[PDB]
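These protein sequence lines are chains A, D, C and B, in that order. Quick note on the authors' numbering: the first sequence kicks off at 327 and runs consecutively. Quick note on the authors' numbering: the second sequence kicks off at 6 and runs consecutively. As numbered in the authors' numbering, residues 6 to 48, 77 to 231, 244 to 338 make up the third sequence, in order. As numbered in the authors' numbering, residues 3 to 223, 239 to 322 make up the fourth sequence, in order. The beta-carbon is built from N, C-alpha and C at its ideal position, and this holds for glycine as well. First comes the structure, then the notes that go with it.
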Amino acid sequence: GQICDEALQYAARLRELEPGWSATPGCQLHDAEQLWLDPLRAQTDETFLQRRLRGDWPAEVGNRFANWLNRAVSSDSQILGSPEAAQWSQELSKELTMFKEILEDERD
Amino acid sequence: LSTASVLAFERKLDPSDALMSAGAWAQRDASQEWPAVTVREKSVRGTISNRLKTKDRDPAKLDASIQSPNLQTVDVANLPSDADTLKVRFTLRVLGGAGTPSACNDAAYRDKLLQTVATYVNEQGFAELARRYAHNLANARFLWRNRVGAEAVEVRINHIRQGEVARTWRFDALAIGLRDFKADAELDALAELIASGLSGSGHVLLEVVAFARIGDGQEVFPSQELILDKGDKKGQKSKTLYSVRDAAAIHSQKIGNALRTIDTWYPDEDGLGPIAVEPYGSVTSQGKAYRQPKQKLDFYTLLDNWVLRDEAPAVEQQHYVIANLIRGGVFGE
Amino acid sequence: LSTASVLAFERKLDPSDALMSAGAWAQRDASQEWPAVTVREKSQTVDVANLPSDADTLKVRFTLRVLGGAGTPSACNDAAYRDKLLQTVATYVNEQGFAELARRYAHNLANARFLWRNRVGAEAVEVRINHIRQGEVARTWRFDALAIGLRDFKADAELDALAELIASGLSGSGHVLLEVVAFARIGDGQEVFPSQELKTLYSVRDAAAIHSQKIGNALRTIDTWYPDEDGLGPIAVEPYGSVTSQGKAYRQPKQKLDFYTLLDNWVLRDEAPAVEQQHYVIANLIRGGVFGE
Amino acid sequence: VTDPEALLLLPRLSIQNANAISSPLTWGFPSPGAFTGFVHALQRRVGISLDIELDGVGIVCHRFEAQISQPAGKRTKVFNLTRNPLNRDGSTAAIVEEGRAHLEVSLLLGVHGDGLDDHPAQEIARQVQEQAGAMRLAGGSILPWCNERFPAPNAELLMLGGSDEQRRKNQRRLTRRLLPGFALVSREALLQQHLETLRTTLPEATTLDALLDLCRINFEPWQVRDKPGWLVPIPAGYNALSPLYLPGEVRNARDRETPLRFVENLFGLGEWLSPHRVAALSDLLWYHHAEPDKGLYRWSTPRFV
RNA sequence: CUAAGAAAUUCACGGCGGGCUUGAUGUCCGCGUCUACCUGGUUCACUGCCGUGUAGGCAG
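And the structure:
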């Protein structure tokens, strides 16, 4: 819970004092996976700018949170012999789903 | 007497990178100038067909799913439409010396292993394994998905003596089935050639060219590369295909995997066919593990039984331990 | 119990790309020097298929091979699931071999549904279907103009032969290869529209063409009885029966008339549905995909 | 102690030259008694004319920079002072050490009165936001907004009016603008059970406080114990050590209308938990309740979990 | 109605002169990424026009 809260606090502190978020040299992956730490609306936005300028969901965020939870704890092929590891895995899945539901409303 | 701490064997019968080419049938007798099937990218917009969480009452996400369709860019390989047959050409050298390891620690273990393979090749030569390897070269099993739904596929195997061509075998991959190992006449000479290569007397370099007439402009299937997630919504983000400089190509380990389907001796089934010789002999396309380590038919189990305690196993699975010593790998803890 | 943790099906009825060509009418027997439709960059960036002045009709040549063996899956985890799926499809093809499915596929090959914008407003669309097993024709087929339609399917005097050929191929006892071309009179210089990439139109070498998946989608328009209605016509096969053009995803998971809900009690709970829903599940097994978890 | 009808959110509030020390044993964030007294003074200024009440606060601390320095390779801190004016002569005689701090706090106030009953919703928030900009919240001035991206978002959020899912959506919408902060809540029960945990030798509360907020390193007979949270010692109200007096009795009182007492601080426990980790925002309001029979004058937060 | 209320750290400055880091080396063995997909959101809520003014008919 402290790791998830620290991640949420870092994500809130990153996209508050950095208004630069648009097309630029070296900003390709900062539009799809950067749906969390994404800037405001641009100056030359198009009509359907809800997908190419700011998608209305953390689309790449959930897989990244799942991969971070898988890399932060080295789960093995015998990590569910009792409910101790499986309970932490269920808690990690529930925390990832809660963070996804929270980040989905970020673009609105 | 204990096993080696690190044990490692080289890879005998190592194939090349299977290229892919296209042409017209009845010109395949002189197919030395055919062009290459190119990996061409194409955009694909698919809807959502995954197995989501069932009994979802509202369509409030399922109706906006089609309103936000899944855009993708795949890489596909098709023939020229004025060409009906696919030509896969690859070399393979059969090295020989299938008993000597390359990283053995113990000088007392390697002598027992060397004399074990020596008595094996003495009393029961490689001609069984060589006839099954020549079977897997005979039917175009290395044409993995380019063989299903094919009108006629014929295999031409040359033996390259000194740059020239010593002996040429013309086959028919549809008559030689993917199931039965039928002892034939013309492929028995190729079996003796592969056995004389694996024995170590004389090296052999085969050049194998398989023609499969599938249809004008149909979809050929080369191997599929891994995609590293460094891209945006365009630029082959979904499926990239393997390709040497121009041609689409099949991976070397895939065509070497199809070459080593030599065990029909896994105990659980007898009609499923042959699987590939692996320790804990397994198939990724079935999620299974034949020759489990519970029963004493894995590879490490019978290998330690043969070498450490001198229990000579069954003749039908004395072939298997040698058949994946020819494969090579990293054995020992 | 449960289904397989991973299970997948390769497709059947393999389509190629459809090379477009332009020519004159009453030149249909000599479509070997008809120049391919060239895309040119002329300025606002537009991509218009400028047919030549001496070329009015459009011919879309593609090919189609059916494979057969729709029962056996590609890679199934459970060893107790493959045999029961094979027994299910075996009892299906033994009670009634898929001849009505082959009739509906033949009717899909009757009207040029693979043409999407290049079918509307056409005077007459003649599909010409060859059948080549050795390298030459075996029994060609010419199709009418009023039998084209879009929803009127019936036992025609020669569509039964095409349907029994598709059934004999799909049965798994000898595959077939059909060179399906389609002539259609559209209009001199009128912009026929093939598929487009991310404007950039989709182009195979020295021509413009249509994607294989679009032709396959147009060719598997079999699905008729879905629980909402059946008045507008048949839709294309999909596990959730989804259609983006109409804009509302049919075959809702609150009802058990979807594919994932019909196969799951077909093989496990042995709840065999009616003949139309069995046709739907089987036609959803002729298109392949990644089922299971 | 009454649950409020509305949570009037006071926005990003930069306050400069605050009181850092705030207690004889702490030096960090200022006392929450300063916040409850600030809300009571704001009530005495605006709420009598606005016909409302104002009770609680949400202390979030978006940023905090102290006026300290770490002097020349030491593990401690010292305080930055301010040069005072001279005496009758040029002595610079007395230098009393008090700390300063700049903190960006944002409070949320519990309203009780006639908020929507006889008054509008945005106008009351506009009036209280332009009233709280002409006073001081902890001992230092409340800096106004003169920079860019003009917010003025005094969200006068109603709580008891609406359905439950709309109410939870309102809570998670108000928590969106508490984005980098950290709510401070008392944990008196945690200090009580942590006192009962180590009562094996002597159950002093001032020893359970002074051996919990630290990092107690203890090896294996080679680690530090698992940090249960962001535990801080805070002043948790006063405690009298002299009986009550009359207004004009005690010499040099602040005013001769209210009685005087000689009191002494009480040190409670507190946590800086993220605003996402609370169910409702009205769970974390600081009220000050007093028991004038004995000497306890305690501010705390009820319903803190 | 707040450990409330109150507050000028100031003036000046040569871091600086030197220098050998060096010698040697086996990264090894082995591998099945698979199956499917309508871009026909508008690749700009457009484009040259009878009068510098909105009032339009020829692949519009």
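Exercise for the section: For the segment 50–71 of chain D, enumerate the residues whose C-beta is nearer than 9 Å to any C-beta of chain A, in chain order. Expected result: none
Practice task
Taking only beta-carbon positions, decide if A/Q335 is within less than 9 Å of chain B.
Solution key: yes
Practice task
Name the one or two DSSP bridge partners that D/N83 has.
Solution key: D/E224
Practice task
Go ahead and label C/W30 buried or exposed: buried means 16 or more other beta carbons lie within 10 angstroms of its beta carbon, across all protein chains shown.
Solution key: exposed
Practice task
Using the DSSP secondary-structure output, state which residues sit across from D/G334 in a beta bridge.
Solution key: D/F14
Practice task
Would you give the residue range spanned by the alpha helix (DSSP H) that D/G261 belongs to?
Solution key: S257 to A263
Exercise for the section: Step through the CB atoms of chain A and report whether any lies within less than 9 Å of the CB of B/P13. Expected result: no
Exercise for the section: Using the Cα positions of D/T90 and C/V160, report the straight-line distance between them to the nearest angstrom. Expected result: 25 Å
Exercise for the section: Using alpha carbons as the reference points, say which of D/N83, D/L183 and D/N127 lies closest to D/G205. Expected result: D/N127
Handout entry: Spatially closest choice to C/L118 from C/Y271, C/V93 and C/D309, by CA coordinates
Key = C/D309
Exercise for the section: Measure from the C-beta of A/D371 to each C-beta in chain D and report whether the shortest distance is under 9 Å. Expected result: no
Problem - Presumed contact (8 Å Cβ cut-off) between C/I260 and C/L134, rounded CB distance - result: With a Cβ gap of about 18 Å, C/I260 and C/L134 do not count as contacting.
Problem - Interface flag, D/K299 vs chain A, CB-CB below 9 Å - result: no
Problem - DSSP-derived helix/strand/coil call for C/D268 - result: strand
Practice task
Check each candidate in D/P40, D/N55 and D/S48 and name the one with the smallest Cα separation from C/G333.
Solution key: D/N55
Handout entry: Under 9 Å from the C-beta of D/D237: neighbouring residues of chain A
Key = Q354, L355, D357 and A358
Practice task
Please determine if the segment 139–146 of chain D and the segment 175–184 of chain D are in contact, where contact requires at least 3 C-beta pairs separated by less than 8 Å.
Solution key: yes
Handout entry: For B/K244, three-class secondary structure by DSSP
Key = coil
Problem - chain A contact for B/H104 (CB, 9 Å cutoff) - result: no
Practice task
Compare the Cα-Cα distances from C/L12 to each of C/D111, C/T269 and C/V225 and report the closest residue.
Solution key: C/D111
Handout entry: Closer than 9 Å at the beta carbon, the chain D residues around C/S257
Key = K47, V81, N83 and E224
Practice task
With a floor of 4 residues, list each alpha helix (DSSP H) that falls wholly inside the segment 114–174 of chain C, ordered by position along the chain.
Solution key: 132–141
Practice task
Apply the 10 Å Cβ neighbour rule to A/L340 and answer buried if 16 or more other Cβ atoms are within range, or exposed otherwise.
Solution key: exposed
Practice task
Would you kindly check if the distance between the Cβ of D/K92 and the Cβ of D/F14 is under 9 Å?
Solution key: no
Problem - Interface partners of C/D19 on chain D, CB under 8 Å - result: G154, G220, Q223 and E224
Handout entry: Residues that B/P252 bridges to, as DSSP identifies them
Key = B/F284
Practice task
Could you check if B/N269 is buried or exposed, using at least 16 other CB atoms within 10 Å of its CB as the buried criterion?
Solution key: exposed
Problem - For A/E372, three-class secondary structure by DSSP - result: coil
Problem - Beta-carbon gap between B/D215 and B/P250 smaller than 9 Å - result: yes
Exercise for the section: For A/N389, name the three-state secondary structure that DSSP assigns. Expected result: helix
Handout entry: Classification of A/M424 by the beta-carbon crowding that lies within 10 angstroms, buried from 16 upward
Key = exposed
Handout entry: Residue span of the alpha helix (DSSP H) that contains D/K60, given as start and end
Key = Note, D/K60: premise wrong, no alpha helix (DSSP H); not H, not E.
Handout entry: Same chain, Cβ closer than 8 Å to residue 383 of chain C, neighbours up to 5 away in sequence not counted
Key = Given a span of 6 to 338 for chain C in the structure shown, any question on residue 383 of chain C remains unanswerable.
Problem - D/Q291: contacting residues in chain C (beta-carbon distance under 9 Å) - result: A108, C109, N110, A112 and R115
Practice task
Using a Cβ-Cβ cut-off of 9 Å, state whether D/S36 counts as contacting chain C.
Solution key: no
Problem - Strand pairing of D/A9, partner residues [DSSP] - result: Answer is none; D/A9 lacks a bridge partner.
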